[PDB]
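Working notes for the structure below.
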Amino acid sequence: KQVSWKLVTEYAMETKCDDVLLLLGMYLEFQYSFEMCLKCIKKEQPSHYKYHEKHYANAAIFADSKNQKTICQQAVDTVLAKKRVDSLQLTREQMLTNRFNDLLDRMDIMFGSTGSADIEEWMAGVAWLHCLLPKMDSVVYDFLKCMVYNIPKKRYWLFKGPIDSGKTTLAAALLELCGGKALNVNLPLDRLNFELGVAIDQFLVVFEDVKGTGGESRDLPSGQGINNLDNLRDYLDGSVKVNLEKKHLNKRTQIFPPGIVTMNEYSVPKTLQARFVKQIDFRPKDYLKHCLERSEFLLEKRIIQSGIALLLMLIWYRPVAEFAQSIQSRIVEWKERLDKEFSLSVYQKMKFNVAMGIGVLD
Amino acid sequence: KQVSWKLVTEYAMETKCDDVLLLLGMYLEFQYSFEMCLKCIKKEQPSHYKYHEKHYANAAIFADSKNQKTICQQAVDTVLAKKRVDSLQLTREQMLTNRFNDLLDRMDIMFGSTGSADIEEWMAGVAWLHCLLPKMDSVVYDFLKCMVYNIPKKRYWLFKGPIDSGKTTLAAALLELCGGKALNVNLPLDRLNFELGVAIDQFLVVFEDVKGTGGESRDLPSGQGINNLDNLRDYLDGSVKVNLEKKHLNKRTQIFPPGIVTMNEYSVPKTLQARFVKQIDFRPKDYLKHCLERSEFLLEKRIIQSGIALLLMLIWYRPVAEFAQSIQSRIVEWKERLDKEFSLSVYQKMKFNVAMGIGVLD
Amino acid sequence: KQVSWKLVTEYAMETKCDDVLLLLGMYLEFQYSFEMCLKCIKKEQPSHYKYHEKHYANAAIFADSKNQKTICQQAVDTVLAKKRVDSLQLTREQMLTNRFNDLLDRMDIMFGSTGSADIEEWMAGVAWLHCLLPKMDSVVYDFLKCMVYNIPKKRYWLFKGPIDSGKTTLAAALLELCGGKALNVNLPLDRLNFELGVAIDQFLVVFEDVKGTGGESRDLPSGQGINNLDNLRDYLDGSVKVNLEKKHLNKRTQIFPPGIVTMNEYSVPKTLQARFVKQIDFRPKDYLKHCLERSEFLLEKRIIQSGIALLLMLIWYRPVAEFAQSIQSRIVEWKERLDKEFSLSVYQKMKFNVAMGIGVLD
Amino acid sequence: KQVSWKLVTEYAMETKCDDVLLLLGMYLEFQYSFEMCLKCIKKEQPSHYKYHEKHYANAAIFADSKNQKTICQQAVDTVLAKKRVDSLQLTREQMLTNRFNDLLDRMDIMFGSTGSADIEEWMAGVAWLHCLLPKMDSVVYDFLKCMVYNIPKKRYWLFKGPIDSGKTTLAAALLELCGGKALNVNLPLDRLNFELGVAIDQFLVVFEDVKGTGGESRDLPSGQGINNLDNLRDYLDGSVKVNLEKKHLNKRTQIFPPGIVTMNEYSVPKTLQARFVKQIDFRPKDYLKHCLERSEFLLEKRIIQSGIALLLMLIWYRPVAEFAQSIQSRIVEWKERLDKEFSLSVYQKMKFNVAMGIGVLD
Amino acid sequence: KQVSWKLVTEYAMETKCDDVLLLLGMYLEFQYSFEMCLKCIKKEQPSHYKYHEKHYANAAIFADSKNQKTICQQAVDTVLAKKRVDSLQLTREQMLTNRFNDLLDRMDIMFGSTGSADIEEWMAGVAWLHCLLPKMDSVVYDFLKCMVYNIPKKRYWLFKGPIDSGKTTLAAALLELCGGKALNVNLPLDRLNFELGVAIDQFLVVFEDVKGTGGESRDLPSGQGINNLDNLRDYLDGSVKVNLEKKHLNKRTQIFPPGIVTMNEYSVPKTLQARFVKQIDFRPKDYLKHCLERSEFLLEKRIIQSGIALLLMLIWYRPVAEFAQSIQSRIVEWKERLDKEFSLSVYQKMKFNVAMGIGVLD
DNA sequence: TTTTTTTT
Ligand SMILES: Nc1ncnc2c1ncn2[C@@H]1O[C@H](COP(=O)(O)OP(=O)(O)OP(=O)(O)O)[C@@H](O)[C@H]1O
Ligand SMILES: Nc1ncnc2c1ncn2[C@@H]1O[C@H](COP(=O)(O)OP(=O)(O)OP(=O)(O)O)[C@@H](O)[C@H]1O
Ligand SMILES: Nc1ncnc2c1ncn2[C@@H]1O[C@H](COP(=O)(O)OP(=O)(O)OP(=O)(O)O)[C@@H](O)[C@H]1O
Ligand SMILES: Nc1ncnc2c1ncn2[C@@H]1O[C@H](COP(=O)(O)OP(=O)(O)OP(=O)(O)O)[C@@H](O)[C@H]1O
Ligand SMILES: Nc1ncnc2c1ncn2[C@@H]1O[C@H](COP(=O)(O)OP(=O)(O)OP(=O)(O)O)[C@@H](O)[C@H]1O
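Residue numbers (PDB author numbering), protein chains in the order written: chain F, 266 to 627; chain A, 266 to 627; chain B, 266 to 627; chain C, 266 to 627; chain D, 266 to 627.
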């Protein structure tokens with residue numbers, strides 16, 4: 266009687282483990298007599314206790330195998346192969362369907378029975394978040410499906426404002442739901458070569474503020490960014506594929522991803538302006554700044570720029586129709602909790618505390 | 266009859282040995298009869314004498330095998346896989362509890378009949394060390410707290426200060442009390458990414474004299490440290506779960522460990538300079554030199570460099586409630602063994618000698 | 266019949282061979298009949314003729330093997346493993362005690378029946394060296410004890426003097442005595458990574474003729490030495506462990522070995538002068554050169570720069586008690602040989618010749 | 266039936282072949298029926314026709330093997346293993362003796378019944394060489410002794426002169442005589458790593474036309490050679506082992522070989538000038554040019570570059586006593602052959618023609 | 266039954282294929298029944314249709330092997346081995362003779378019954394090349410002898426003249442005839458190191474279009490190349506061996522190939538002028554230009570660039586005894602074919618048309 | 001896969 270390689274591969278698929286050492290370590294834990302398994306008794310980790318009783322007999326024989334890392338290497342390949350099949354064939358819409366569950370599962374880290382951050386802090390985050398912008402949740406949903414459709418030309422939004430205006434931090438929170446990356450163009454022309462190549466294969470992207478020759482009217486440092494950007498037409502418009510670069514490594518050729526430009530109050534030509542769909546003009550705001558200062562557990566528990574907190578803001582405001590259809594079951598499961606655990610009045614109180622610019626939990 | 270790879274892997278687990286050459290060398294010692302073994306008789310190394318009598322039979326058969334390095338690879342994999350499981354599943358508290366358990370076990374030897382450490386010399390070390398910064402039994406606890414909570418930008422501290430300011434001496438004991446690694450980035454990083462592979466699965470990492478450029482304005486020779494740092498403005502705050510590279514080996518998506526940057530006082534970029542619990546600094550205290558000039562065990566046995574000395578300091582001062590919850594029996598057991606033979610007066614007899622640069626033993 | 270991998274492994278341990286090609290080459294010689302092995306009959310190499318007759322039978326079957334490199338690989342691994350086990354367990358006292366036993370075995374052969382050395386010439390070397398500085402032998406004892414204790418940030422010595430003032434000559438002899446390696450600091454600060462990677466497991470290091478800057482006043486062309494040394498201050502301090510470099514291999518972590526540095530009289534940052542415990546300043550002296558001119562065989566046989574010369578000096582000048590207990594037996598026996606073989610008047614005559622600048626013999 | 270790997274290893278040893286491809290290619294030729302082997306019948310290559318008949322039967326079975334490159338890999342390694350054994354155990358005199366035996370074997374072929382060489386032409390070459398410098402044969406003897414003795418800080422000879430003064434010609438013949446490598450060190454600092462790597466296990470090295478910077482007053486184009494080389498001070502002196510690097514390999518460590526430096530007429534730092542034991546000026550001379558102009562079969566056949574020419578010069582001029590003891594017998598054979606085939610007057614007539622600038626032969 | 270690895274190795278030797286994937290792909294084609302193989306029926310590729318029927322059965326079994334790439338690697342190694350044997354053993358005359366046989370075999374196809382070429386158009390090509398220079402066929406014959414003898418200093422030829430006067434056309438045809446590589450010395454001095462690596466094991470090299478300096482006086486753009494060539498005397502004189510380098514390979518040493526230098530009419534340092542055996546001046550000629558306008562099939566089929574055209578020129582003009590002994594039989598047969606298909610009157614009528622600058626054909 | 005090459 267012998268190790269079933271098949272059962273190891275099932276576990277690797279079900280865990281979605283794709284690191285050989287990690288698979289090896291965890292599967293060896295099943296070798297002890299399941300019936301007393303104290304990790305099961307404690308209900309520590311589901312990726313153990315949901316599986317040990319099934320996998321036990323095979324794990325005993327696994328521990329006696331002389332070949333262990335070879336079994337695990339094949340199992341890890343099966344998981345990576347699955348990703349690469351899907352990476353080819355799936356739509357941006359279905360890929361966002363990951364991004365939802367990619368966070369709807371992380372919600373349980375705080376709000377499952379471990380409770381390891383109080384959900385009400387995230388509601389206070391959701392309050393502070395929704396106070397940050399006019400129509401904030403619609404402005405989210407606008408930007409969201411704007412990225413899903415990836416419509417050529419009609420792609421890029423400009424986050425203008427003063428310094429310390431929350432724009433990049435909002436973009437960072439927004440990026441949390443989907444990933445993506447920020448990038449620089451104030452660099453000299455040669456540095457752009459590899460710099461632009463950084464963007465390769467990101468689902469969404471951002472730019473850092475420019476340094477732009479006219480900005481020092483405000484003393485906004487008058488670097489190359491503006492003039493550089495006005496040359497870089499086609500990447501933005503996304504009409505056609507373009508080539509991209511890596512140090513010591515070969516070029517790649519793809520349609521350039523969609524994204525956001527952060528900027529401060531530089532002057533601009535009509536040409537570069539016309540590239541954009543839309544401009545936003547952020548500012549720091551009197552209640553909302555002092556609110557966080559009075560409410561810093563939101564900063565402390567990393568809530569303020571969490572896509573989980575965007576996601577809860579979404580589940581709050583947006584109707585079930587707005588969500589990836591089969592996931593709606595999980596959305597309503599969250600709506601059910603959210604609307605039961607929280608009265609409107611706590612949400613009212615929280616948001617109104619932000620309207621007093623004061624501690625959002627009170 | 267056959268080599269048991271199982272019995273080998275037990276020894277690797279129980280020694281926590283994680284080098285294939287060390288492991289191989291170690292096990293081959295057992296091939297002689299423990300019944301006669303001079304090392305067993307001499308009680309020189311526990312990693313031998315605890316085990317020789319058990320493994321002798323298996324080691325004899327291991328000694329004939331033709332696969333010897335392969336057995337040791339699989340055993341080392343098992344030990345490293347165990348670490349990787351703990352890496353992700355444990356709370357930061359349990360990690361420190363593990364670490365302290367090991368220091369405690371070693372101290373049980375040190376001041377056991379065999380370990381031949383003078384606890385008064387060690388406590389003279391404790392006296393000297395608390396004089397290195399009179400705050401430190403608090404500030405150490407503040408550091409430990411902040412590390413366990415792992416809070417962004419509070420994830421880092423600065424140790425500015427010139428030579429012979431002690432910033433090394435403290436970082437040394439602290440990086441022993443914790444698990445962790447030193448690191449450097451003095452150079453343009455285009456090929457240098459694999460150095461951050463050392464940050465994989467670390468509780469803590471530390472930087473020292475990561476050079477500024479332009480510090481030659483104040484006689485600190487220029488180097489690319491600050492320039493790399495204030496580009497990668499993330500990892501003092503702690504945001505991207507970078508996929509850490511390793512030579513010929515798998516690579517590890519994680520947020521970078523928390524830490525400290527230590528330096529002889531270069532000029533520093535402003536956006537970087539924010540990213541700490543404390544921008545804080547170390548100033549030479551000649552009387553501490555005067556003490557060690559008069560207090561020589563403390564360097565000769567490296568006592569003042571040791572996490573062991575910090576642990577002794579914490580046992581002495583801190584209330585048991587401040588410790589991790591579960592281990593506290595061992596904490597009182599040692600508090601007893603300290604208070605049994607240290608009065609405050611004798612501890613002060615050490616302490617104020619240091620404070621006035623007098624020799625500690627008296 | 267079948268290869269005894271065990272007998273091969275014995276020979277590698279016996280010889281301390283650790284190059285697989287050298288091991289292979291050596292073992293193959295044993296395929297021919299020791300019974301007429303001309304090397305044995307010439308008694309030319311001990312690592313051959315001591316072993317040939319024992320290993321002959323196994324080597325005949327090894328000569329047919331298809332695995333040969335694999336058998337040698339495992340044998341070399343066993344020798345390497347023993348070295349790492351020793352690095353992690355021996356006191357530096359024992360390490361040096363073992364090193365002395367190896368050199369004393371070489372001296373047995375050199376002055377044995379094959380005896381190809383002449384003890385008169387070697388002791389002429391001792392007289393020349395002992396004349397090179399006042400109280401020479403006491404300075405060697407200081408250096409050795411310093412390297413044995415390895416007390417941190419008090420563990421490097423620096424030699425200064427013009428060219429051909431003999432500082433390199435002395436350093437070479439010391440390095441053979443302890444075992445260790447030379448390395449070059451006069452490089453771009455970048456280059457040092459796989460340079461210092463050689464210091465792994467070494468007992469001692471030496472850095473040569475370090476180019477300061479501004480010495481061209483003194484006709485000394487400026488360079489990188491002072492830069493790279495005054496960078497690597499922690500390596501001098503020895504307070505903390507470092508990670509070290511090797512190709513196609515993971516890093517290894519350890520404290521850096523103590524050592525010696527040499528210079529022509531460049532500029533000195535006193536940040537380094539604080540770290541050197543000691544300096545010794547060398548001057549060229551004509552009579553030593555005139556002696557050498559008339560005494561070519563010293564250089565031609567490399568005597569004055571061999572650590573075997575230093576060992577003879579110490580055996581001459583030091584009490585038996587200064588040596589570790591086990592070798593005191595051998596030390597006594599070498600004092601016996603010396604006293605039998607030299608009258609004191611002979612040594613006095615030789616040192617008198619050295620002083621006069623005649624050739625040492627007459 | 267099976268391949269005899271032993272016979273392949275024999276063939277590799279007996280041909281000293283150490284390229285796996287060349288070994289393979291050679292060995293495969295034997296598979297055809299020896300009795301018709303046209304290469305044998307035409308006696309074109311000795312490393313074929315000596316061995317084909319012996320190896321034939323095993324070559325046929327080797328031709329069927331599925332494993333051919335593995336078999337060759339084992340054979341090549343034993344040839345390499347022998348070289349390393351010898352590198353650590355022969356005297357420098359014995360090495361030169363072995364090298365001489367090899368050239369003498371080649372001379373037996375060149376001036377055989379087979380073999381193209383006209384001994385009168387090669388002896389004409391010797392006349393031109395002995396004319397190039399005063400006491401040419403004594404100069405060669407002095408250099409050979411210096412290379413055998415390898416005395417530290419007295420190891421390197423400097424050739425300088427105008428262009429077309431003879432320097433690389435003479436270096437070529439010396440290098441062919443002793444064996445060794447040429448190196449170019451006018452390079453940038455980085456590639457020197459692998460460049461100096463070439464010296465591993467070599468007997469001599471030669472540095473080609475090292476450029477000074479400056480001195481373009483002499484119409485000498487500038488370059489880094491001299492300034493670069495003065496950093497390598499240690500490598501010339503050869504007082505201590507140095508660590509050396511090849512691509513994709515971990516460092517070797519050995520004493521850096523002795524050798525020759527050639528340059529056009531730059532000026533040199535005293536630090537470097539002091540390290541040359543000897544300097545030879547080369548001066549263009551009109552009659553050598555007009556002689557060579559009339560005698561160009563010397564150039565066409567490369568006679569004056571060849572170490573065979575220098576060896577013939579030594580056999581003509583030097584006493585039998587000066588050769589190492591075992592070669593003295595073959596030296597007497599060749600001296601006899603030479604005297605039998607040339608009177609002194611014929612040789613003196615050649616020298617006389619060269620001094621006239623007339624064509625050598627008459 | 267089993268795959269014959271021998272039949273594959275024969276096919277590789279037969280086709281001289283030394284690319285594993287090309288070897289692999291072609292062998293697989295044979296697995297279908299040659300009897301209906303349309304590539305056979307079309308007689309489309311000689312590498313296929315000559316061999317399919319013979320290898321059919323082995324290809325069928327090969328198609329089921331699980332070891333396919335292993336078989337191919339051993340086969341390809343055999344072809345590489347043969348080349349390296351020949352590189353060391355053959356004379357330069359045999360090399361050229363082998364090369365000529367290859368071209369003659371392609372001509373037998375090109376002008377065969379299957380032959381897609383027209384021998385009349387290729388003869389028209391020969392007429393145009395014969396007009397490019399005076400005594401063209403004598404010039405070619407001189408060049409080849411100069412290459413075969415490879416006599417030191419007398420090794421290199423210079424082509425110069427205005428742009429569009431055919432120099433690179435002739436270079437390309439000669440390079441095809443002998444085989445070799447083009448090189449670009451106009452680089453800066455660093456990567457020039459890897460550039461020359463291309464010359465390894467080549468029979469012949471071409472230095473394309475060496476840019477001078479100060480020719481801007483006559484509208485020539487300045488560049489590095491000439492200065493780089495003055496830095497390479499020995500590579501051209503070919504008197505002594507030199508080191509050569511490739512990416513990811515350790516250096517090799519050989520005599521650098523003979524070759525051709527080409528330039529527009531910059532001025533040439535007399536240092537460099539001395540390298541060259543011969544200089545050939547190209548002049549633009551209008552009647553060639555007008556002829557090319559009319560006989561475009563020359564350019565369109567790339568006739569005038571091809572070494573096959575030069576070989577036809579040699580066959581048509583040169584006496585049989587000038588060719589290497591073995592191929593004289595084939596040469597006689599091709600002369601006979603050419604004498605059959607063309608009267609001298611026809612050929613001279615072609616030459617007359619070119620001299621008129623009218624189209625070649627009437 | 002690194003290391004070397006690329007990158008600087
Ligand atoms: N309206 C606001 N209310 C509260 N805090 C705010 C507000 N605007 C900005 N801040 C604070 O400003 C800090 C910086 O925000 P962020 O980096 O996103 O700004 P930015 O405008 O993109 O920056 P900059 O353009 O200066 O680089 C954050 O801590 C954020 O909370
Ligand atoms: N505050 C201090 N005052 C005086 N001596 C000190 C002080 N701190 C450490 N020392 C002593 O000076 C030496 C160096 O101490 P340490 O390495 O910890 O300082 P550092 O500031 O980190 O120095 P460096 O930057 O040179 O490594 C040691 O011998 C130590 O005993
Ligand atoms: N003190 C001395 N007096 C006279 N001659 C000396 C002296 N020391 C060395 N020599 C001679 O100088 C030669 C080289 O000595 P050594 O290399 O040790 O000198 P150094 O000063 O260390 O030189 P460098 O800085 O070049 O390495 C010795 O072999 C010996 O011939
Ligand atoms: N002493 C001499 N007098 C006249 N002509 C010489 C002399 N030595 C050499 N020659 C001629 O000069 C040519 C080149 O000489 P060599 O190959 O030694 O070059 P070099 O320029 O002197 O040396 P290097 O390239 O090392 O600087 C020889 O082939 C020969 O034709
Ligand atoms: N002698 C000639 N007279 C007139 N036109 C010529 C002559 N030789 C070549 N041509 C024309 O010049 C074109 C280019 O020829 P080719 O490429 O050999 O010129 P080149 O001067 O050697 O070029 P380059 O120096 O740029 O490599 C030919 O295709 C032909 O049309």
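Each residue gets a CB set at the ideal place from its N, CA and C atoms; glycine is no exception.
Residues of the region 275-308 of chain F whose Cβ lies closer than 8 Å to any Cβ of chain A, in chain order: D284, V285, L286, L287, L289, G290, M291, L293, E294.
Here the distance from the Cβ of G445 (chain D) to the nearest heavy atom of ligand 1 is not below 7 Å. Pairwise C-beta distances place the region 542-553 of chain A in contact with the region 406-425 of chain A, as three or more of them are shorter than 8 Å. In the DSSP assignment, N323 (chain F) falls within the alpha helix (DSSP H) that extends over 317-329.
Within chain C, the C-beta atoms nearer than 7 Å to that of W270 (chain D) come from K331, in chain order.
Set against 7 Å, the gap from the CB of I491 (chain B) to the closest heavy atom of ligand 3 is not smaller. Taking C-beta atoms under 8 Å as the contact rule, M291 (chain A) and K347 (chain A) fail to qualify, at a distance of about 18 Å. Neighbours of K543 (chain C) in chain B, taken as residues at a C-beta separation under 8 Å, are lacking, since the least C-beta distance is about 16 Å. For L564 (chain B), the residues of chain C that pass the 8 Å Cβ criterion are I416, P417, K419, in the order they occur in the chain. By alpha-carbon distance to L557 (chain C), the top candidate from C:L577, C:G622, C:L469 is C:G622. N451 (chain D) and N458 (chain D) have their C-alpha atoms roughly 12 Å apart. The region 422-455 of chain D contains, as complete beta strand (DSSP E) runs of 3+ residues, the segments 446-448 (chain order).
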